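Before any questions on how it binds or moves, here is one chain, the form deposited in one PDB entry, in structure tokens.
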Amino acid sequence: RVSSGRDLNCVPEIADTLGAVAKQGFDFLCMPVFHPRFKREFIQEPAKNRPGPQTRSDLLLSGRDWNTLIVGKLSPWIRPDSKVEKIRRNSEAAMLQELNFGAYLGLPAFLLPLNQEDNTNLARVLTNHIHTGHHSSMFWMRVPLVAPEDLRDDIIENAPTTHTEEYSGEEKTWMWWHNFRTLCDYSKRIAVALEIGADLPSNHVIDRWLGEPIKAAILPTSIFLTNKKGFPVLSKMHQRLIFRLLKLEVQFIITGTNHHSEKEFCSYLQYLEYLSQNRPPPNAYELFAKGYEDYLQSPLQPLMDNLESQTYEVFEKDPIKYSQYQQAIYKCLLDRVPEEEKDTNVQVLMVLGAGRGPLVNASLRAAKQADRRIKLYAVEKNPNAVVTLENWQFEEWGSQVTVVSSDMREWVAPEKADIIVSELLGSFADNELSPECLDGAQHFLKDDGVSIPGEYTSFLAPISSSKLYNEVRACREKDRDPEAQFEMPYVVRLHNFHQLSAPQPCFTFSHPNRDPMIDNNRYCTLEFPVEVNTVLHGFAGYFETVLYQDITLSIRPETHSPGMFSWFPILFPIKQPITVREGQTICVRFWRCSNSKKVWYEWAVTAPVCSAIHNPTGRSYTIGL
């Protein structure tokens, strides 16, 4: 089901109007709070002293109704950026008056237009209102995909519509919004009400709004085509945009009069409901990740902290990660012990980081599938999980599994291993210190022993998202660096964002590592070709891993494993947003650093402009050894 509202600029009776739109099936109404034509004077007499009332009464609706059903509209005559000083002054005061009245009423949202380039003073007055008193109203900016000047009929003899195409010119509307929200310093209270037109612009200038805070999409009745039975429908390319907007989850707003008088008004809405009912249903991934959209999670300390029972519980439900592990062990057993040896050669298998034991079970399922015999060690450093393991081995596993309660870097092994199995991977592959762990444990792997996984590679892509940039900014805490939020990676189901270039490999690790001098430190330079105008807010991290041969796991979107919810992307943010033009190259630099006690990342952008080196020394974020 869709959430939708009716836009109106004419309300004779608030009681009757709200009833009609409710019966039509709308969830809410966009209406004026003062009469649109009721121009008020604030400075010079006698119009200044106009007998009240200034507008109608709050008593006309219940508190609940004001809070949930009404979206306010700024009066169309209010022009804070007028060239006329007197009009400037009155509009300043009138805007405050209407805004204060919305706050007074407890309106959940309030609509203000961006219908020209210069909105500086409008921005100032709104910023001033945001920082005056205590209120939580959302401010929706009404901004069109295509500017009114670029949509006008080519019917002025002496002023033709400049026929020569402009890539940047058709993007002017985004720059109206970008400038506004920059002046207002990315207030979390200012969102977008995107107006859709009959002529959808070129596909790029639509892309532009990818990753901006869109809360509503305004659909004028005039853009609706009419079918064989006289019902309102939309073009194929309009349906495309609607489905993209539904995936993002926004509210829809029908504006304009009913242009199909043969049927009712609920028909426009019936179609949107029809379109929403006709989307593909959520996949296995989207059912488990359903409520995680753009929710930033602080980096886990894999070695310093212990995972909660309920954490193990959730991930153990992954429909693919464990069967992929089973198959990797299945293929490795066959390759290591030939048919004539199926009863004589018993393979020694070590699960390093055994958790509550699902990989141990996977190893058992693999051996009885390959018809080969194995001896299992189950090493786990989390003493609380060790509890689950030892109850399992007593009730079920038997002496085939030897549970070891220690750190793998410390464990003095009684015998060397044929195969070491481990799942020590974070969202950026090596961010839970899997390299360091398997390095301290490889001394008890046989000289010809296999490590599962065999290797892993991290990936980076540059992203645009004012939504996520604001979320990171809001992570500022007391009693630390006021900018530390920006100098650590976040695990997040990225949703309201725009990927600016294809993912490229970052860091790679192979196991075992027979390198004479073992060094896990890294320095990598990546160049990202960008082919749109945009603002850089950070870098999405993904990973791929080779378990065994061709058996793999991936969260890289191109090669993602179906149904695998176990890992979300990581987000590396940057202190300051960086402007990027069409045709430019984003150059980033990532270092993996370490000492005896901790491992951390440091990153910097070097093109088109430089950023400050982020997280120098691990001052804001490290992972403890």
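We call the rigid core the largest set of C-alpha positions that still match within 1.5 Å between the two forms. Just count from 1 along the sequence shown to find any residue number.
What comes next is about the form deposited in another entry, which does not appear here.
Of the residues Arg476, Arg409, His259, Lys215, just one CA atom moves 2 angstroms or more between the shown form and the other one under rigid-core superposition; it belongs to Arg409.
The rigid-core alignment places the CA of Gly426 2 Å or more apart between the shown form and the other one.
The gap between the Cα atoms of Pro383 and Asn431 is smaller in the other form, by no less than 3 Å, than in this form. The gap between the Cα atoms of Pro616 and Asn431 is larger in the other form, by no less than 3 Å, than in this form.
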